[PDB]
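Chain residues, written in single-letter form:
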Amino acid sequence: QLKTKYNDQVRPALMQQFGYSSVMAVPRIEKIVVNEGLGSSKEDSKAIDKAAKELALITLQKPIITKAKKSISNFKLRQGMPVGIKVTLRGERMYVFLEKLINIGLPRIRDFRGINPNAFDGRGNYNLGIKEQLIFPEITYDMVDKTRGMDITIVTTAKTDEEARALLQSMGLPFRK
Amino acid sequence: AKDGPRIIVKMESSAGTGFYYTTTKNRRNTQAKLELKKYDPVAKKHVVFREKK
Amino acid sequence: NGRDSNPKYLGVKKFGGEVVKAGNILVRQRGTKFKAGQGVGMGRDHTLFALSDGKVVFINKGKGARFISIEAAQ
Amino acid sequence: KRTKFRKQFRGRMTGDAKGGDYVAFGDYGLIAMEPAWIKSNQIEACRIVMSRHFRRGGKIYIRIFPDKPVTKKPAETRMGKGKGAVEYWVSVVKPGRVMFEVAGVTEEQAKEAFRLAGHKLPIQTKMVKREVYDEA
Amino acid sequence: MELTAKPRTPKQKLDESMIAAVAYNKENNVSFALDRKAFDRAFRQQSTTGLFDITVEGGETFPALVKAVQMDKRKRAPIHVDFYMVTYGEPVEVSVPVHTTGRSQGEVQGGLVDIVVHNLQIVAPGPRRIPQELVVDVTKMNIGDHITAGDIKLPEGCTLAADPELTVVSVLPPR
Amino acid sequence: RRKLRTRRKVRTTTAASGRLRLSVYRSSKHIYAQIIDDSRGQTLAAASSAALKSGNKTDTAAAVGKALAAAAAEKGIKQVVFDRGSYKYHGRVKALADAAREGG
RNA sequence: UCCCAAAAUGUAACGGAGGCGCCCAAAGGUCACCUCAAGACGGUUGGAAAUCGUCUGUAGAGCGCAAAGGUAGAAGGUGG
RNA sequence: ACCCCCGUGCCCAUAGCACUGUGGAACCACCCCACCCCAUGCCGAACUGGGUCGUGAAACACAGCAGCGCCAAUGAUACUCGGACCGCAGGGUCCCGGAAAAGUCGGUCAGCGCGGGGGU
Ligand SMILES: [Mg+2]
Ligand SMILES: [Mg+2]
Ligand SMILES: [Mg+2]
Ligand SMILES: [Mg+2]
Ligand code: NA
Ligand code: NA
């Protein structure tokens with residue numbers, strides 16, 4: 001289940017394209033954190049259980065419901081109160097959810113053309129712009145509560161953008177040519 | 001040290017058998033019921049000691 | 001408002017080269033300016049007091065962290 | 001002229017000049033020979049006369065903003081505390097301090113502006129030229 | 001500037017027309033004491049971009065360059081002056097002022113030519129060849145035209161010091 | 001990250017203690033269990049596991065402890081105070097401890 | 001609690017500002033454990049702040065309230 | 001005795017960052033596995049348990065580099081003890097000693113111990 005094509009179909013296609021004198025200097029995937037919005041303009045205690053359950057079946061890992069940053073401005077802000085969800089994916093489950101995403105996530109999306117090819121995180125990282133949640137193989141509108149938007153961020157061990165883009169692409173990521 | 005109808009109430013100290021007063025200012029705000037503690041009088045020491053009167 | 005007033009005190013009580021005793025108070029402060037050194041204990045209001053007899057020695061490592069110590073005579 | 005938000009009140013005291021060069025932001029300047037207080041309205045007057053004299057230019061530099069609130073006597077009596085919260089602001093000026101500087105106009109065209117402003121100042125002053133180059 | 005005595009007590013200096021000055025480089029740091037008039041006549045010309053012959057009482061001609069002057073307040077007459085004995089290759093960075101020649105094409109139109117920075121400090125002035133002035137074109141300017149140090153011709157063998165995008169001269173609008 | 005180690009240094013008093021500190025460096029597979037004097041920046045016994053290990057790198061946990069205590073006998077050590085770093089007093093480090101507590 | 005107070009302490013006025021007459025069964029004891037504010041880049045109910053992530057960051061935060069002193073090896077935050 | 005590595009102190013920026021080079025099984029790190037002791041209010045990232053390969057890329061160590069930080073003269077001045085004066089006053093001067101800050105020259109990217117280990 002993956003991992004093999006992770007190495008065989010990535011590393012070797014780097015010293016023949018770029019020029020790495022070390023296999024450890026080969027860009028890797030550190031982790032995939034997933035943030036989930038909740039509250040602010042929609043303060044519902046029932047809405048908590050919603051994502052609290054969904055997120056826990058798409059990634060097979062209980063998520064932490066982070067609070068506020070202890071800042072009160074002029075609008076609707078408080079001190080301490082659940083207003084966000086962190087879902088870190090590092091390890092085997094990272095690779096699992098990942099594969100589930102490259103294989104069933106992106107390909108199965110209405111009005112799908114690809115993702116912005118321009119270099120995002122100029123530090124060696126890459127961010128995704130996922131919105132609607134009704135494009136996953138785990139998300140069944142036939143048994144939920146409502147429809148929200150989840151955010152997936154890619155964290156890798158790449159030094160440059162030129163060395164990140166290639167990693168993403170080889171692994172599994174279509175672009176808008 | 002004003003004492004009025006407001007919150008918190010200066011609570012006494014008692015013991016099973018023993019006879020000792022810790023004298024501790026409590027409060028009825030949040031948890032106010034389980035005022036059970038442990039304070040060794042001038043007996044054998046180490047005894048079931050609550051400040052709930 | 002010309003109202004309110006506070007006498008206050010504070011300061012160093014036992015200067016350098018001064019032969020103290022076990023119990024004497026050294027310096028009175030509000031925070032951690034002069035930090036407790038060797039043979040120098042620290043009260044609750046950050047007060048420094050001696051543990052034995054000796055000569056009050058001062059120590060300044062370029063501001064920031066002051067230290068006072070005691071070197072016995074005998 | 002007046003500050004935009006401070007504390008309220010203040011004190012009073014004069015020591016020797018501190019931060020006033022000779023030639024800063026322009027060619028010609030005007031300095032104090034006497035230690036005093038400069039009301040903001042005095043400044044305004046100066047600035048304005050200088051404007052009259054210099055139809056077009058706008059190269060009048062005034063770096064002596066008034067940062068000193070002075071109290072005042074309500075009516076009479078003396079029973080009561082800090083009086084006159086807002087009367088006027090001042091700009092302490094010590095000999096050596098550059099109050100005004102202008103550039104672009106000739107020699108004769110500076111003696112005039114300066115000479116005029118000078119008849120609005122509570123202390124003698126003088127005009128100088130370029131010759132000093134401290135820090136840049 | 002014929003230098004004479006050079007004590008440490010200003011007792012026989014304040015009364016007479018003498019001004020207290022010093023000089024150094026990296027070796028000796030012996031304090032001097034030059035004439036008032038001599039300096040007030042010489043510093044007027046060479047200023048801070050030109051050395052002058054400094055003969056000490058006895059037969060010691062030592063070449064130096066003016067660095068920092070500490071003029072007196074309430075008066076126009078200086079009171080202290082700092083000298084720097086020029087080496088040969090790479091001494092200290094010298095400050096060169098900015099003049100202006102030729103009538104601009106924006107001064108006629110209605111605007112005025114305004115030098116934002118009079119003095120401009122550069123890097124490695126180069127001994128024996130110190131820029132005593134600096135000629136910067138002004139006519140190419142119009143209204144709102146900004147001229148930085150990337151636009152100033154180099155006196156050959158001189159590199160800039162300040163940021164490349166700093167406004168030296170600018171023609172302001174009227175009123 | 002480097003805070004843990006320094007929470008145990010300042011924590012263990014050096015002066016008022018009068019006792020000897022015993023540090024341990026087990027961030028890898030090569031402990032030192034050095035022994036240092038309170039006041040004097042010297043070193044008394046101090047064990048060493050780099051001198052042979054018999055193909056072992058986890059078992060020797062108990063060894064270098066025992067060894068250590070034994071070594072301490074040849075100098076005259078009775079009171080020891082233990083100063084680890086980012087080590088939450090679990091397995092290996094605890095072995096070193098017990099071995100050097102009942103062997104001395 | 002600052003300032004006045006003039007570098008020990010102290011020091012007046014119907015001088016200049018702002019607080020208290022509480023609160024916390026945990027905000028205590030102890031033992032472990034975590035590191036802030038802020039900005040930039042990039043992301044979905046946002047498009048100012050925030051939720052996330054990656055950098056920078058002697059702390060420009062925090063410490064129940066007023067203020068000063070003090071605190072990054074904690075007197076910041078949690079759990080048994 | 002030479003060097004080096006690892007650990008731990010004095011010292012707690014003149015010993016700090018950035019840029020760059022060197023190091024490859026003696027040591028250090030990443031990495032691999034990780035049902036259990038133990039654990040991250042979620043994730044064995046970090047704590048942790050058991051150890052190969054590979055690599056030294058990153059981190060760490062050392063070395064070059066002083067662009068920026070940090071430290072920081074001489075000379076002079078500000079202020080001032082004491083002594084003696086001036087103006088209606090805000091204020092200011094003289095003598096005699098002490099003596100800044102800032103800026104400039106310049107200075108250096110440490111120095112000094114203990115223990116263990118592996119090499120010539
Ligand atoms: Mg006075
Ligand atoms: Mg006082
Ligand atoms: Mg006094
Ligand atoms: Mg009195
Ligand atoms: Na006097
Ligand atoms: Na003097």
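Points about unusual backbone geometry
Phase 1 of the analysis: In the Ramachandran plot, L60 of chain A falls in the positive-phi region, its phi being about 60° despite a non-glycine side chain.
Phase 2 of the analysis: Examined against the element boundaries, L60 of chain A turns out to sit in the loop between helix 2 (46-58) and strand 2 (84-89).
Phase 3 of the analysis: With a relative accessible area of 53%, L60 of chain A lands in the exposed category.
Phase 4 of the analysis: One non-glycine residue with positive phi stands out, namely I8 of chain B, at about 60°.
Phase 5 of the analysis: Mapped onto the fold, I8 of chain B is located in the segment before strand 1 (10-11).
Phase 6 of the analysis: We classify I8 of chain B as buried; its relative accessible area is 15%.

Here we look at the protein's contact with RNA strand G
Phase 1 of the analysis: The immediate surroundings of RNA strand G are formed by 69 residues, with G149 of chain A, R6 and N29 of chain B, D4 of chain C together with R8 of chain F found nearest.
Phase 2 of the analysis: Counting only the atoms of RNA strand G that lie within 4 Å of the protein, the sugar and phosphate share comes to 68%.
Phase 3 of the analysis: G82 of chain D has a polar backbone atom sitting 2.8 Å from a phosphate oxygen of RNA strand G.
Phase 4 of the analysis: For the surface near RNA strand G, the elements supplying multiple residues, two or more each, are strand 1 (29-37), strand 2 and strand 4 (150-156) of chain A, strand 3 (24-25) of chain B together with helix 1 (3-9) of chain F.
Phase 5 of the analysis: Of all the elements, helix 1 of chain F adds the most residues to the surface near RNA strand G, at five residues.
Phase 6 of the analysis: In terms of residue class, the surface near RNA strand G is built from 20 nonpolar, 24 polar and 25 charged.

So, the sheet that holds strand 10 (residues 119-123) of chain E
Residues and elements named next belong to chain E.
Phase 1 of the analysis: Taken in spatial order, the three strands line up as 7-10-13 in an open sheet, and their pairing is antiparallel. Sheet topology places strand 7 (95-97) and strand 13 (159-160) at the edges, where each strand pairs with a single neighbour.
Phase 2 of the analysis: Bridge count for strand 7 against strand 10 is three bridges, and the pairing is antiparallel. Its bridge partner being in strand 10, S95 is matched across the sheet by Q121.

Remarks on the side chain of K13 of chain E
Phase 1 of the analysis: With respect to the helices and strands, the residue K13 of chain E is situated in the segment before strand 1 (18-24).
Phase 2 of the analysis: The charged side chain of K13 of chain E is buried without a salt bridge, its nearest counter-charge being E16 of chain E at 8.0 Å.

What about the sheet that holds strand 4 (residues 34-36) of chain C?
Phase 1 of the analysis: Ordered by their spatial adjacency, four strands build an open sheet running 2-7-8-4 (chain C), and the pairing between neighbours is mixed. Strand pairing shows two members of the sheet lacking a second neighbour, strand 2 (19-20) and strand 4 of chain C, which therefore form its edges.

Observations concerning the domain arrangement of chain E
All names here are of chain E.
Phase 1 of the analysis: Partitioning chain E into domains gives domain 1 (1-86) and domain 2 (87-175).
Phase 2 of the analysis: A separation of 29 Å is found between the C-alpha centroids of domain 1 and domain 2.
Phase 3 of the analysis: Across the boundary between the two partners, domain 1 contributes seven residues, which contact twelve residues of domain 2.
Phase 4 of the analysis: Taking both sides of the interface into account, the surface hidden between domain 1 and domain 2 amounts to around 700 Å²; carbon and sulfur atoms contribute 66%.
Phase 5 of the analysis: It is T49, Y84 and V86 that lose the most area in domain 1 upon contact with domain 2, and together they represent 68% of the buried surface on that side.
Phase 6 of the analysis: If you look at where domain 1 meets domain 2, you find zero salt bridges.
Phase 7 of the analysis: Taken together, the connections running from domain 1 to domain 2 amount to two residue pairs in polar contact.

Some words on the interface of chain E and chain D
Phase 1 of the analysis: With 17 residues of chain E at the interface, the matching set in chain D holds 22 residues.
Phase 2 of the analysis: Carbon and sulfur atoms make up 52% of the area that chain E and chain D hide from each other, which totals about 1700 Å².
Phase 3 of the analysis: Where chain E meets chain D, there are zero salt bridges.
Phase 4 of the analysis: Among the secondary structure elements, those contributing two or more residues to the side of chain E that touches chain D are helix 1 (36-46) and strand 9 (112-115) of chain E.
Phase 5 of the analysis: Here the residues of the side of chain E that touches chain D are counted per class, giving six nonpolar, three polar and eight charged.

The rules behind these values
- Residues numbered from 1 in each chain as written, not as in the entry; some residues may be left out.
- Chains lettered and ligands numbered in written order.
- Part of a larger assembly, values for the part shown.
- Heavy atoms only, no water.
- Helix = DSSP H or I, 4+ residues; strand = E, 2+ residues; numbered from the N terminus.
- Buried < 20%, exposed > 50% of the residue type's maximum accessible area, 1.4 Å probe, protein only.
- Near = heavy atom within 4 Å.
- Polar contact = N/O pair within 3.5 Å; in protein donor to acceptor, adjacent residues only side chain to side chain.
- Nonpolar A, V, L, I, M, F, W, Y, C, P; charged D, E, K, R; others polar.
- Pairing = 2+ DSSP bridges.
- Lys, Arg positive; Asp, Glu negative; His and termini not counted.
- Salt bridge = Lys/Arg side-chain N within 4 Å of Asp/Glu carboxyl O.
- Domains from an automatic or database assignment.
- Contact = heavy atoms within 4.5 Å.
- Buried area = accessible area lost by both parts, 1.4 Å probe.

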